[PDB]
Amino acid sequence: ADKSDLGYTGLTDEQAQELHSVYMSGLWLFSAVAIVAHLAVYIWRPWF
Amino acid sequence: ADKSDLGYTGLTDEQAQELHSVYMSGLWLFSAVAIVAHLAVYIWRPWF
Amino acid sequence: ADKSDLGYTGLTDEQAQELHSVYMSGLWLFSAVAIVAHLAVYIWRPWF
Amino acid sequence: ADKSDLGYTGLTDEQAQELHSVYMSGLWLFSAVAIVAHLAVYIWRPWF
Amino acid sequence: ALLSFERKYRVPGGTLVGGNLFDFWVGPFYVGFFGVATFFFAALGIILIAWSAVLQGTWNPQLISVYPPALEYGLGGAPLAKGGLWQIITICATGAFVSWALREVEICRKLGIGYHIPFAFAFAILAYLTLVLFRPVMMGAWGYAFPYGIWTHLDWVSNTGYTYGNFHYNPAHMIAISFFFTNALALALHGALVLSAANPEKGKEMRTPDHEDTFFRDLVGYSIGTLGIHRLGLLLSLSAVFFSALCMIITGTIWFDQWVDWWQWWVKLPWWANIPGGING
Amino acid sequence: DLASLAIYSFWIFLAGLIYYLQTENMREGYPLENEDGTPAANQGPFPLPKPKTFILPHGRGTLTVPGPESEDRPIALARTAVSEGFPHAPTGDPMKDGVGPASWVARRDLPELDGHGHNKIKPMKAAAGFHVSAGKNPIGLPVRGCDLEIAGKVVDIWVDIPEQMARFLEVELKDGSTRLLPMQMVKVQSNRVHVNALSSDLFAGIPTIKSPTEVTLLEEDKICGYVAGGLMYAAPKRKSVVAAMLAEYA
Amino acid sequence: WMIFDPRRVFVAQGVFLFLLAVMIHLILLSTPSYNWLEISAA
Amino acid sequence: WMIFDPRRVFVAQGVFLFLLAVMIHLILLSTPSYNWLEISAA
Amino acid sequence: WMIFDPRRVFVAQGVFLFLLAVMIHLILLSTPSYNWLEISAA
Amino acid sequence: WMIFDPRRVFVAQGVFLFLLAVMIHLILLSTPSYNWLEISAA
Amino acid sequence: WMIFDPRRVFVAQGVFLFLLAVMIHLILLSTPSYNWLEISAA
Amino acid sequence: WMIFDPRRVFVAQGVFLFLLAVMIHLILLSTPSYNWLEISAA
Amino acid sequence: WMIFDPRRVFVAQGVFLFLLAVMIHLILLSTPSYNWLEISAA
Amino acid sequence: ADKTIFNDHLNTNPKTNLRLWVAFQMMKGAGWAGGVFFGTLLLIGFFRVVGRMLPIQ
Amino acid sequence: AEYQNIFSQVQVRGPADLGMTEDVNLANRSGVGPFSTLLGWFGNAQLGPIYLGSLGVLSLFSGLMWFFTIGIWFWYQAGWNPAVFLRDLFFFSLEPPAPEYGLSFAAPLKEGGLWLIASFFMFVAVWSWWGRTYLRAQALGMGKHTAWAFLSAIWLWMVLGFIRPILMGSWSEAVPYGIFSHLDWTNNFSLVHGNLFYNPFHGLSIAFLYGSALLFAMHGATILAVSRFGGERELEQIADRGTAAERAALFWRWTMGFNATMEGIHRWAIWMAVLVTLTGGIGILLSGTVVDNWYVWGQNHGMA
Ligand code: BCL
Ligand code: BCL
Ligand code: BCL
Ligand SMILES: CC[C@H]1c2cc3[nH]c4c(c3C)C(=O)[C@H](C(=O)OC)c4c3nc(cc4[nH]c(cc(n2)[C@@H]1C)c(C(C)=O)c4C)[C@@H](C)[C@@H]3CCC(=O)OC/C=C(\C)CCC[C@H](C)CCC[C@H](C)CCCC(C)C
Ligand SMILES: CC[C@H]1c2cc3[nH]c4c(c3C)C(=O)[C@H](C(=O)OC)c4c3nc(cc4[nH]c(cc(n2)[C@@H]1C)c(C(C)=O)c4C)[C@@H](C)[C@@H]3CCC(=O)OC/C=C(\C)CCC[C@H](C)CCC[C@H](C)CCCC(C)C
Ligand SMILES: COC(C)(C)C/C=C/C(C)=C/C=C/C(C)=C/C=C/C(C)=C\C=C\C=C(C)\C=C\C=C(/C)CC/C=C(\C)CCC=C(C)C
Ligand SMILES: [Fe+2]
């Protein structure tokens, strides 16, 4: 049966194990992977 | 748990620890941080 | 059937049995199927 | 259950909570900018 | 957003094998398993109005053109804007025609309204195909096709449509027009067969399907009912296409000659063979 | 007139015709309501119009439309996602609470009227118009459900006059407690019937028509909606049903 | 009813002022005198 | 009050400023004066 | 909270970026004057 | 299973590499100035 | 009775001085003889 | 009944002042006499 | 008692005054022999 | 005979796959055929199956 | 002989019943028309009755001498044999008074004769069958919309050989009579006027015939699709909203992005109707007294 409070579902403790391990890790496993890959993209080839 | 009437849902604190905690991620990473992209812009290149 | 944790699912240790053989070696030997081919197409005959 | 007769809402005293939170102040400073971001542009570039 | 009675109808599934992984209702629109597919198809497709806007010439969809390949290059590719880049637009178009008529089934199996709708777009699937696949695979190369535009394929159908003399002599074409002017022949009285009973002239009591049987039996001598003219709209609107895809599946690939020269296969009969009669005589 | 004039009394007088037309199709249904009974997000760029007076065909009142829109009838979906978007699931079994694929509504107790002073849909033992009196005549044969097993025996026809048509196929149970079932889904070939919707042990769950001769417009909602209830779920998951529900042609 | 609120400003109003802005620009960006974008050299 | 997010802010609202942003990155590339990276060869 | 984690957090990023990256490539290929293989054909 | 292994990547990735394979066959096998197998006559 | 009143004798009294008025104004302006709002240079 | 004004002045007569405005503007621009505020050139 | 009366008087009254004049107007409006509004100076 | 959960079986020798399966279900797959997978096959599939020895010169 | 009861439709026939009675008539409609009971299990099966008054048979006669006038100009060249008639049931021809005659009816039988009669009679056949759909919706208590999509339909008939060939003044400016003669005429108004592609009044009328099948490919589908429920009865689905405005009113909004009222689905369907030959009548009243060569129209009001 469905419950009540904040917030469901779910699922404490899963504010820092579910919505931060596969949610805030995206702000890294590609957001910074852009910054390194752009060192081989930004200069090819806007300068002829 | 089901609801009935205005203006759920809603509601709280499914609105307080949720809706307050995700909308500013779309209203800051694009509101004032979008003026951090204005850096390499406001001078490059409106003035020739 | 499902658990609650992370990945769960998962599903430890099938997260590392069904995402090791066809996922890891999946993007590894495809990096040996698509990339090793590049080395004979870069120049024959894009150089014209 | 929903609501009763005309109008609800309405309603007195429920006409000024959501028709006056992003519908009155979200238009007056939009009009102020129609005065502010317009009066500084009431001079360039008509005159060469 | 959702309607007032849209309360009980909300239930997950509809999709086949895999789960409810893709079926999230983005707004008033349905994003089932073929929902994000069309999201993938509609996003790339707006760029296909803009690609040959730097290769062919103009940037406005007035004269934007990604031409079909040439006639003789064979069973293969093309240049680019003049075929190659044209060769990519179709499988999106058609790949988007398909991901739409079949995302309806994720609603059809979802509820229980009938499967005669993954079908009335499949006479549109079998009407755009007859100009992109059905023709130019056999006579030489993919060069036997039309341009995608809105004013380019115009001066392609007229001043470039008299290859077969006149196309009115094309009998099924003209029967697939003996089928087309009849579509709004039976939408014009059926779109007004439910209008004027609660709004008769103003105030009067509403009519029932017995006044329908004293208005249309008081019209044109044939009253197949009210379920005989939804079997009289889906009879006006799907078939003017298979009598046109048959006006062209034996036109050009077998008859690239004057179809005005087809109406001399009728005057040739042993009875009145050596006989010039009227006009002809 | 001129070469540049008439295309402007059109970019204007008709540029709001998708606008004026849409609202006239947005009478019923609207306003938009949330997933509980709440003044919802909004309506749209073509909001619903305030309705005009509607006169009814057999004096059924001042039923203006859009009309009743609130929560009169019982609904039973356990809200999985309290957020508006992600779907909801019934309580026990979905074919008892009446939620999902099987839909109905609560109406007034006056059945559909024609103009003769009588009701619309009646059996063949309520209209001695056309009968059986030549050769051997088939009105009485056994049937089969979606479970691929015999379901009952249909021996009658609900007649029609204005359309000269049919709407139901009445089933004589072992007992006699009434049951009903739609008309277009059916797929009969030779000497036995096959329905591919409901199993042959879920036919009593179809309401007994309060009268075996009358169908009130109140009743004509679940009676042709329970079969739609079995066009969504049916049937998880393995074996015979996979060679029954899927594939096929017609 | 009639006029609600909390959905128009998120996905509709942002493209209403923008829609009120777009059919204005491509004429004043292309008037016989104005433009104010391309011309900055001569 | 009202309104919805947990569904919208993951696959819905992201294509609103995406409907505002990438629809005009193209344009600043069509002009033969702005461009900002196009005119490189010459 | 809510949304998804075991369902729609590894797939709202797979074909979503494929719906924003690999079809964004077709803009930097709508070039034939730049282009990483059409430089020679100019 | 976080991602779906025998679903999203057993017959849906075999056409996902089929996704980027043949659409480019009508660009690189195309091009108005390459070919290098067709023009064995001119 | 007769026809609509709180519907037809008000909101349709517009096209009396609109659709009628517009396509009669259009002609008496574009005529080589009228103009009236064009005479100034003398 | 049979008519409205909560929709005939909230967003009907309220667009009876913007729709009935810019209509003659580009047409009194089409009539070669007005302009009336173009000092940039002359 | 066979046809109508109320309808003809408010709406079918037009096919006697208007759609009998407005079409016969543009006939005697285009005629030089009358002109009135095309009199001016000729 | 029954698992109670649904309407089939695990294994067992007789009774199960005895005269079901290839008896009732895909009986339409062949009756519909002989005209669709046989009638659209007289001037197309043979159009490309003779090419093997003849065009080889 | 008995009427049977076969397997899966189903049907039951009708004894002796007509419709309704108010402002119609009693002793005019003929005997109960014989019923076509021949596998009539699909739709309906009932011939008669018919309002055979002077408001309908004025078109049976005025159509018949529209039918016989070009008729006695379809046997005129054959050779007086029944061999050449059905041989050239189409190859035969007949044109109106020449592109130089016009306002005078002084023309004899030959060069351009039997054009002046067919239409003259047809003139009170079409116009006397505009009002067999406009007043038989008054014999009960319905509306007039049925011939207001028809006043729009005889708006294209209001220009072809009526309003333009009299102001301008000639009968060749009307349509030749036959079965091919006017097909060598639909492409005439094409090329003489410099092609009517840049004539988006003839072309939007087109554009209003490409929305008759974007509007009835699906109506004939879904009303047949939500009929297992109760959407076939279009006379009890609007003011008392049934579940057919639930399987067909949630079905399209999810799909293309909007649905419609059970009444409003007949408000668009008659808006892609009173706008086909209406935008055709204008876009053919704007062709011949505006800009002939429409290629010399659509490059000065189009690209320029
Ligand atoms: C020389 C002039 C000739 C002539 C030139 C041609 C040419 C050329 C053609 C025809 C074709 C046809 N002609 Mg012709 N034709 C003439 C004039 C006419 C007239 C007339 C009364 O004037 C009529 C009624 C017709 C009717 C016909 C049909 C027999 C046939 C139409 C097939 C078709 O369109 O289906 C096809 C159906 C579709 C394409 C719809 C498919 C829908 C798809 C799946 C969805 C598309 C979505 C879209 C991309 C998205 C847009 C929506 C946005 C989201 C807003 N022709 C004269 C006699 N005609 C065509 C034909 O016979 O081949 C089949 C054809 O090529
Ligand atoms: C060069 C080729 C041009 C072109 C050349 C032309 C020419 C020339 C014309 C058209 C016209 C039209 N074109 Mg075009 N057209 C092109 C492309 C097309 C295509 C397409 C290929 O997609 C189609 C389908 C059409 C078809 C159409 C129609 C949309 C339009 C006229 C409608 C009509 O026929 O009403 C006809 C209906 C009527 C006239 C009303 C009939 C009702 C009558 C009054 C009732 C009679 C009563 C009688 C007694 C009943 C007796 C019945 C008995 C009981 C049995 N064109 C290309 C671009 N086309 C026509 C037009 O008007 O342009 C707008 C026209 O002249
Ligand atoms: C079949 C013979 C000719 C032909 C004969 C005609 C004739 C005659 C006409 C058209 C017209 C049109 N043709 Mg064509 N057309 C052909 C090929 C096609 C094909 C195809 C790929 O097979 C399609 C899908 C279409 C359909 C179209 C539309 C683009 C356009 C208006 C359709 C309409 O109003 O009716 C109902 C259809 C709709 C309401 C759908 C809307 C279609 C719109 C215009 C297309 C959307 C493109 C859009 C601008 C791109 C947006 C993408 C991003 C948002 C930027 N044609 C062939 C080559 N076609 C009409 C026209 O002139 O256009 C204004 C017209 O009169
Ligand atoms: C005999 C079949 C008739 C028919 C039936 C029909 N059309 C239908 C349907 C049905 C039942 C729908 O259910 C569906 C609909 O939504 O209802 C209107 C539809 C439809 N008919 C449409 C258009 C249409 N149908 C047409 C014709 C016909 N439709 C036939 C007459 C025509 C013409 C005039 O030929 C047009 C223009 C769409 C509005 C809609 C199809 C909705 C759909 O499937 O969307 C998928 C598309 C995308 C996701 C976009 C991706 C595509 C690419 C990105 C670009 C495509 C390139 C291409 C060249 C486009 C160019 C368009 C024009 C410039 C030609
Ligand atoms: C909005 C545009 C669409 C449209 C609308 C439209 N058509 C309409 C109408 C409307 C509103 C009608 O009200 C009217 C109608 O009643 O429909 C059934 C009609 C109609 N449109 C028709 C056809 C038609 N529709 C067309 C198309 C269209 N009509 C568009 C799709 C066209 C074209 C493309 O030009 C035609 C030709 C007819 C079915 C009908 C016209 C009814 C009519 O006027 O006929 C009068 C009756 C006669 C002339 C009887 C005489 C019969 C013969 C002439 C004599 C020979 C036979 C006789 C029996 C001899 C035998 C002797 C006996 C005595 C034994
Ligand atoms: C065995 O054969 C028998 C003996 C039975 C006779 C057969 C006869 C035949 C062959 C009949 C064939 C009829 C057919 C098929 C005719 C086809 C007609 C077609 C395809 C189109 C006709 C369209 C109608 C047109 C072009 C009419 C145009 C006329 C107008 C638009 C207005 C005319 C108005 C006029 C002339 C003014 C008259 C009015 C006044 C007030 C003077
Ligand atoms: Fe209808």
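In chain O, numbers come from Swiss-Prot; the residues present are 2-305, in order.
Going by what the header records, the deposited coordinates were determined by X-ray crystallography, 7.8 Å.
Including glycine, each Cβ sits where the backbone N, Cα and C put it.
Outside the transmembrane segment (O:54-80) by six or more residues, the chain places 26, 29, 86, 88-90, 93, 95, 114-116, 118-120, 122-127, 129-130, 132-133, 136, 178-179 with a CB less than 8 A from a CB of the stretch. Taken from Swiss-Prot, the feature transmembrane segment covers O:54-80 (among others).
Taken from Swiss-Prot, the feature transmembrane segment applies to O:111-140 (among others). Nonlocal intrachain contacts for the transmembrane segment (O:111-140), taken as residues 6+ away from its ends with a CB within less than 8 angstroms of a stretch CB, comprise 23-26, 52, 56-57, 59-68, 70-71, 73-74, 95-99, 102, 146-149, 151-152, 155, 158, 162, 172, 175, 178.
Here Swiss-Prot flags O:143-168 (among others) as transmembrane segment.
Look at Swiss-Prot and you will find O:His183, O:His203 tagged as (7R,8Z)-bacteriochlorophyll b binding site. For O:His203 ((7R,8Z)-bacteriochlorophyll b binding site), the Cβ neighbour count at a 10 Å cut-off comes to 22, with all displayed protein chains included.
As annotated by Swiss-Prot, transmembrane segment applies to O:198-226 (among others).
Cβ contacts within 10 Å of O:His220 (Fe cation binding site), excluding its own Cβ and spanning all protein chains shown: 24. In the three-state DSSP assignment, the secondary structure recorded for O:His220 (Fe cation binding site) is helix. Per Swiss-Prot, the feature Fe cation binding site maps to O:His220, O:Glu235, O:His267.
Positions annotated as ubiquinone binding site by Swiss-Prot: O:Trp253. O:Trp253 (ubiquinone binding site) has a Cβ environment of 18 other Cβ atoms inside 10 Å.
Marked as transmembrane segment by Swiss-Prot: O:260-286 (among others).
Within its own chain, the transmembrane segment (O:143-168) has Cβ neighbours under 8 Å at 97, 103-104, 120, 127-128, 131-132, 134-135, 174-176, 271, 274-279, 281-283, 285-286, 289-290, counting only residues six or more beyond its boundaries. The separation of O:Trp253 (ubiquinone binding site) from O:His220 (Fe cation binding site), Cα to Cα, is 11 Å.
Counting only same-chain residues six or more apart in sequence, none has a Cβ lying under 8 angstroms from the Cβ of O:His267 (Fe cation binding site). Cα of O:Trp253 (ubiquinone binding site) to Cα of O:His183 ((7R,8Z)-bacteriochlorophyll b binding site): a span of 42 Å. A gap of 40 Å separates the Cα atoms of O:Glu235 (Fe cation binding site) and O:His183 ((7R,8Z)-bacteriochlorophyll b binding site). Residues within less than 8 Å, Cβ to Cβ, of O:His183 ((7R,8Z)-bacteriochlorophyll b binding site) and separated from it by at least 6 positions along the same chain comprise O:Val176, O:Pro177. Checking the binding-site residues O:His183, O:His203, O:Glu235, O:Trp253 for a CB within less than 6 Å of any atom of ligand 7 leaves O:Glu235, listed in sequence order.
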